[PDB]
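Asks: here's my sequence, what's the structure:
(7 chains)
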Amino acid sequence: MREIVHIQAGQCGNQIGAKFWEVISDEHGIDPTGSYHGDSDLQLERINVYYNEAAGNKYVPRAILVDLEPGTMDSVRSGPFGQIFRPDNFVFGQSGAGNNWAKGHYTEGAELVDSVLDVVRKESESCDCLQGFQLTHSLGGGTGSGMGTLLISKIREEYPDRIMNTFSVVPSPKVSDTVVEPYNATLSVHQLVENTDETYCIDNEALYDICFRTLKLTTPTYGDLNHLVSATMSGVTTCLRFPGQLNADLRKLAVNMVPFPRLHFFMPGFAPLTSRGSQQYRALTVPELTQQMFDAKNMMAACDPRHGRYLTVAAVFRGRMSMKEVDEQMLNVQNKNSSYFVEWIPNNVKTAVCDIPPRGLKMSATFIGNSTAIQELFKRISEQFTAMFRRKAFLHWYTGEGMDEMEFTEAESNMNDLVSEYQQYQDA
Amino acid sequence: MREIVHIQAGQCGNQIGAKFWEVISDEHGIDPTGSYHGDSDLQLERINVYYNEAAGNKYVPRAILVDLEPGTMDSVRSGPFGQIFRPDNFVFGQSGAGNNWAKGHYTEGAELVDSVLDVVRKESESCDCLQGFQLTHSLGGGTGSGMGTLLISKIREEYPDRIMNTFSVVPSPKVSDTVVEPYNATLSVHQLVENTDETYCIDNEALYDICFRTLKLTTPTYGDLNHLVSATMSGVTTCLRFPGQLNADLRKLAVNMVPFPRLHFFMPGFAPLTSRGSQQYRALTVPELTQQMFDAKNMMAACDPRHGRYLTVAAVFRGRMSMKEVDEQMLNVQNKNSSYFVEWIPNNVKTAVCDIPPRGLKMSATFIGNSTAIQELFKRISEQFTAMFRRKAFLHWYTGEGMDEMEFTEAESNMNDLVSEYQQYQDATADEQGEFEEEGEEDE
Amino acid sequence: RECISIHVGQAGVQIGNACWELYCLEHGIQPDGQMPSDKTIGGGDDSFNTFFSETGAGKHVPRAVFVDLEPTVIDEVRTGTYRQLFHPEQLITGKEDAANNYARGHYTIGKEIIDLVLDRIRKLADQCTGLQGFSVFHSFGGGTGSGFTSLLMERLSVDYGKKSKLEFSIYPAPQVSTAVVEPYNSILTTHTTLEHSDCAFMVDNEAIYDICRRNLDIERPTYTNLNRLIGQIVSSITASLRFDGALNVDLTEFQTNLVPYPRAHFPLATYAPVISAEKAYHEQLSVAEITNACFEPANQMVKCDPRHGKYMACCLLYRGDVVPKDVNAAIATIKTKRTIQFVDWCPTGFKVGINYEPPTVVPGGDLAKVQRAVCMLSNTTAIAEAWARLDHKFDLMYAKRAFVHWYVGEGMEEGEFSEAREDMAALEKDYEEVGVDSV
Amino acid sequence: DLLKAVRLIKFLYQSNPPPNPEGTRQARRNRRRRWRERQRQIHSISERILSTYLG
Amino acid sequence: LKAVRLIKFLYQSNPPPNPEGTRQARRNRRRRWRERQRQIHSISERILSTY
Amino acid sequence: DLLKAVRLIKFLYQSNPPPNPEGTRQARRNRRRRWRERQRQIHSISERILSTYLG
Amino acid sequence: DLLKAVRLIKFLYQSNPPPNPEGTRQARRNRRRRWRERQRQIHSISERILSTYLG
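Replies: Residues are numbered from 1 along each chain as shown, chains lettered A, B, ... in the order given. Next comes the structure:
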């Protein structure tokens, strides 16, 4: 009736996916044994959306995952639910990553992505029907950007009438193993802006900025970082995986949120900023704990309350609270802003109060929405590009395999078009 | 009223034929003393299928175990049921086995297999009603495969218009340490495509793989693995072994299993995972009996339910329970995956239930079912035949008495023309939605 | 006195099965099949209990059509309070729906399902010959919505000659809505399905919101309340056909009484003597307040000022049930002294209609026992602003060319949107040219 | 004048493969999708060559 | 030849009418434009589709 | 083709005006885009004459 | 007009060989990278320059 696949990638996308399904099975508890731990027996359809049929009421994901560094996945296979996966995900080798964008983009990945497309093709039809693709994809490594871009391309020529869910980690000046990542960014979203349906500007140095400064956490590690981002995107996709009365479907989300179908970079924030470490243990009521919904300095993107131009919002609650206070809070935060009074955006009243039982909390407060601060994120990406490229530095690492300069030139033409269009929107 | 009698051809065939006739006779009990052992006289014709009456109410086979190296026939024949035969059999000569296909097929004709046609002319004449005869054909070496295909080629002229039971044994290259496997086996199955009626290609390779990698057996000898294949073939032969509500002759089932009579390659499994070796005595009741029916573990092939387009499945349930829940679970397995949806002969299942137990575990089952993941098996054998053919590899003694390049070229061309037609039938979905008339009628 | 209704969209099927459950509960059509008042199984066909057909050996079924591309809606209907006596052979649904838009369900993916439901319509059209229009349930963006209707109204007006019909357009409410592009599908639906129509009336969910939260003092905006209220209103509308009384005139008589023009086409359904468990307890019912409370702004489906709202017609519907004596007393107590602002150069004859044989009130709902009905089907020429506000928002959002790219590659062109704007501007400016009072 | 242009559009008709009974049920849907996409572009080109040449 | 002469002859047989009146018939005039251009293109593609 | 292959080249050469403007977002960004759509059809028939010179 | 154009078709679209599936993955990868640069540099710049040749 409604099925979503499980394709992952990268060396960081795979581990954030491991944490993702760990924390979204935290409220499900689906055992890997076969004792049939039912979360809710009326939710056979809403376990079948993600955990698909393999036996009699044994529901497992469409578990296929690929990378050339097997140590990370062999480490995360010994997790809480790290063994409830089909013996078909193990499609890989030992060629190495090396933070090489060309080998994931052009040379090494072209001999291995055929097996991945074959297994997703032979796994897609083994259900009622196909509805959605999803991917936890990263840019911190080298291979992941290239093979994710080529996989999105191949699913464009192979499955055009299907949505794909593309998580995308933005580069970071604060945590970085190698620094070539401006080149890993300027020719990754060069075609991703016209290849996929919806994307995410989950940042990394704004994310570390809110992890360090505005939370005062003594854990600058990938552990609590993955905990926070997995909780945030779990609160995001809880709406899509639990359709109570609202939280419209896949193309329906693309219908009401995407004008000018390149401007599909919505920024997922989260209100209470609960974190393993310093914790606040009161029942989160609506107004004074959903007051962290509108503040632009409290999300996974570098923004500004006055230097910001929103044109869509979304809020999917989880507690059994009322909606009058939600509506008056929305009225205040939507009538307060002078720059928000533009000729566009007549109606974005989509807000959910669905009774979904959470993992450690009892409610939630999620933000999903576009802005023009993604333009200044791409502006600092562009200034890193000018720091790295204006003397053609470090291009000998990558030009030997299959690349040249004119792909970068058309990428910069697309960046100039994006900057010009978003500046036109800012002064419209 | 009905007979199917015993004959053997294969180095790894005599042992498995003896043990298979033991395990189909282990619950019936015909003794070689000279007196009858009646405990259940509702299997009179059922034991007459394999053990024919030649004395005063004594039912004996026509077992002709023929070996060119008769040491195995000298050793293993003195069993409990291994001496109750008509003694004019086991015609043998010691000209040699040598693991060679060419000299076994070519020069050893008038030495032994002419006496084999004479003795099966006599022993199929002095009985009641023939419907063929049984043989556990083995590709362990060359001489056994050559004599098996010689017997098939001679019985397509002895009694041409008659369905006759033909088997095969897929060898185990992990265990069979011969330096050249794929010549005799591939050219033999090439001949057997256009020379037979049915092939139950039971194996020793994937069963070795599952007993060494899943069953955790430290002693993978031919004995307990022969017990495994004997239980599997017992579950196969339950259609003719037990008198049910239909008492289905295998003459009907040979026409039943073929959609088109060229292609007759599928192998069974054993769904409830019998415990030869690692042992258990639990009663395999219905939901654990059916839960392991669609598995990618037990089936004796390269397991791939994803690469599965099955044509006709049948599981004999001699466990004493009704078939309503069995048919409901059958519908659940039928519709829960889209790989099985092919929609030719839309009632392509069978549920045959008897009440005669095979062994002390009273309620259990097995798996027989049409096999479509055999394309990778055929490729895995054929391309490593062509691996050692390109450089005229291993013509040390496969330069036979009569050798041509046309025979090998036509062998590989018809191998290509069966694997390509098989992959054309595994594709080209010409019944589900692949026509032009599902989307209206006019789309230019 | 026979008609077969079709329903498309998720909310369309919701109001359809709610209203049919109310019908079967108020005629005594039990889930046992038969009605226990007489000895005919399944239902009946005598004069006004005529929503059935002799399908089996006297077996009668509540003939209706429930269609939506999303497949789970008919499953959650079929496990409702009227479980197994819906039709096991015409509940036709697709596999994947259009998912909250217009173009895909109309042009591309519905093009192989339009002929299937057309064949079903033909098979039910080979049945009993009673025909007095249609009853089409749809919305603007609920389920498939506009995608089926925009094609099937043209198909009905070309294939089935020039036969009359009637449709139900659920006017949306952005405070409880689920989309943003509702101006686009609203303007497209309004240029397509209204010019190929015979009768229609638009019901606003925001009007239900106003009469619930602002006039009844209840605190639950759920679609179950909307379904029950629509069941009550459409049951009161259909009760003229459903029960025979003094002026038991047909729906054909109503549609040949109401509509003046192809463009001047829509009424203002005036029924707000609002009731629940609160506003039905120990009150007194009279024929003055329920009739004096009609022209006021906070009683209307579409918002209009009473002096600025000009009644081309002032048709009325009564559930009666006591006497026609008090109705023909209120024709002088209320209706005769009506010098209210009217339309120039048109007759000023007020119409009343009483239909006896009470439809039973909703069981297990919220409202207590109530008697009267003031379903005054007037019309208003000043509802041009009620779509001119949507045209203004569509102008302020359409110059930005938002959501155009989802509506380009499915067959249409920008000329279609320009034509839709032209059609609604033509309708509005025709109302301020000759609809609003002129010389 | 455009009698070769209608042969060009008949070659666009001739760029149509068969609907492939030897074609996976996911794949000839893709053939149909690239078909309808290319005749969307062909209809745009057709109203181009209709409107432009009339002047 | 005669086919393209027919098609352009029908193209020039659809003139733009004069704008006059209180904007009643103009919408029917636009509808006549768009429809009749659609079936002249249909006749064009049918004629060049047989050939 | 092979002499009519340049006849579609003179068809593109014949009826391609300068992009004279008509309103914003139009006639220099989308009529230019339908001209590039014509060019991508030309590219497609170039990779399809790649395979007719094969035969 | 036709000279450089049609003779450039007659050379360049006659200069595309099928790949070699025989051989190990290294030489196949080299032939694949030469293929995916060869057809891109045959279609892109050549139909760019036949696009902007003189119109």
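
Asks: who in chain D is up against chain E?
Replies: Applying Cβ under 8 Å from any Cβ of the partner chain, we find that chain D lies next to chain E at D:1-3, D:6-7, D:9-10, D:13, D:46-47, D:50, D:53-54. Heads up, the C-betas are built off the backbone N, CA and C, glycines and all.

Asks: which members of those occur in helices, if any?
Replies: D:6-7, D:9-10, D:13, D:46-47, D:50 (DSSP state H).

Asks: tell me which of these is nearest to residue B:109?
Replies: residue D:13 (64.6 Å; Cβ to Cβ).

Asks: just checking, the closest one touches residue B:444?
Replies: Yes - Residue D:13 lies in contact with residue B:444 (Cβ atoms under 8 Å); the separation is 7.5 Å.

Asks: those two: which is more packed in?
Replies: Each of residue D:13 and residue B:444 has its neighbours counted (other Cβ atoms under 10 Å in any protein chain shown); residue D:13 has more, 16 against 8.

Asks: contacting residues for residue A:242?
Replies: Taking Cβ atoms under 8 Å, 6 or more residues apart in numbering or on different chains, we find residue A:242 in contact with A:46, A:354, A:356.

Asks: what does stretch C:113-133 contact?
Replies: B:440, C:1-4, C:6, C:45, C:50, C:53, C:63, C:65, C:67, C:69, C:90, C:92, C:94, C:148, C:151-152, C:155, C:159, C:163-166, C:198-199, C:241, C:250-252, C:255.

Asks: find the centremost residue of chain C, please.
Replies: Nearest to the mean C-alpha position of chain C, by Cα atoms, centre = their mean, lies residue C:168 at 3.5 Å.

Asks: which of the three states applies to residue C:269?
Replies: strand (DSSP: H, G, I helix; E, B strand; the rest coil).

Asks: now it, which residues is it bridged with?
Replies: residue C:377 (DSSP bridges).

Asks: could you look up the SS state of residue 215?
Replies: Defaulting to chain A. Residue A:215 is classified as coil under three-state DSSP.

Asks: how much space separates residue C:141 from residue C:98?
Replies: 10 Å (Cβ to Cβ, to the nearest Å).

Asks: one step back: quick check, nearest of the contacts of residue A:242 to residue C:403?
Replies: Ranked by distance to residue C:403 (Cβ to Cβ), the contacts of residue A:242 are led by residue A:354 at 25.7 Å.

Asks: who's the closest spatial neighbour of the closest one, skipping the chain neighbours?
Replies: residue A:244 (3.8 Å; Cβ to Cβ, 6 or more residues apart in numbering or on different chains).

Asks: can you tell me the element the one you found falls in?
Replies: Using DSSP states H and E, residue A:244 falls within no helix or strand.

Asks: now do the contacts for it.
Replies: Contacts of residue A:244 (Cβ under 8 Å, 6+ apart): A:352, A:354-356.

Asks: tell me which two in the residues you listed are the farthest apart.
Replies: A:352 and A:355 (10.2 Å).

Asks: now do the buried residues in stretch C:214-231.
Replies: Buried residues in stretch C:214-231, defined by neighbour count with 16 or more other Cβ atoms under 10 Å in any protein chain shown: C:216, C:218, C:221, C:223, C:225-231.

Asks: helix, strand or coil for the residue sitting nearest the centre point of chain A?
Replies: Centrality entry for chain A: nearest residue to the mean C-alpha point is residue A:167, 2.6 Å, by Cα atoms, centre = their mean. Following three-state DSSP, the label given to residue A:167 is strand.

Asks: ok, so what distance separates the residue lying closest to it once chain neighbours are set aside from residue A:159?
Replies: Leaving out its chain neighbours, the residue that sits closest to residue A:167 by Cβ to Cβ, 6+ apart is residue A:136, at 4.7 Å. Distance, residue A:136 to residue A:159, by Cβ to Cβ: 19 Å.

Asks: in a strand, residue C:187, correct?
Replies: No - looking at residue C:187 with three-state DSSP, it is helix, so not inside a strand.

Asks: what's near enough to touch it?
Replies: Neighbours of residue C:187 in contact, by Cβ under 8 Å, 6+ apart: C:390-391, C:394, C:417, C:420-421, C:423-424.

Asks: distance check, it against chain B.
Replies: 31 Å (Cβ to the nearest Cβ, to the nearest Å).

Asks: count the neighbours of the residue nearest to that residue when sequence neighbours are not counted for me.
Replies: Nearest residue to residue C:187, sequence neighbours excluded (Cβ to Cβ, 6+ apart): residue C:420, at 4.6 Å. Residue C:420 has 22 neighbouring residues, counting by other Cβ under 10 Å.

Asks: and residue C:420, what is it in contact with?
Replies: Residue C:420 neighbours (Cβ under 8 Å, 6+ apart): C:187-188, C:190-191.

Asks: and the residues you listed, which is closest to chain G?
Replies: residue C:188 (37.8 Å; Cβ to the nearest Cβ).

Asks: tally up the residues packed near whichever residue of chain D sits closest to chain B, please.
Replies: Proximity of chain D to chain B (Cβ to the nearest Cβ) peaks at residue D:22, 4.2 Å away. Applying other Cβ under 10 Å, we find 12 residues neighbouring residue D:22.

Asks: quick revisit: nearest to residue C:408 among the contacts of residue C:420?
Replies: residue C:188 (14.0 Å).

Asks: I figured the closest one hits residue C:149, correct?
Replies: No - the criterion here is Cβ under 8 Å, and residue C:188 misses it with residue C:149 at 10.4 Å.

Asks: much appreciated, bye for now.
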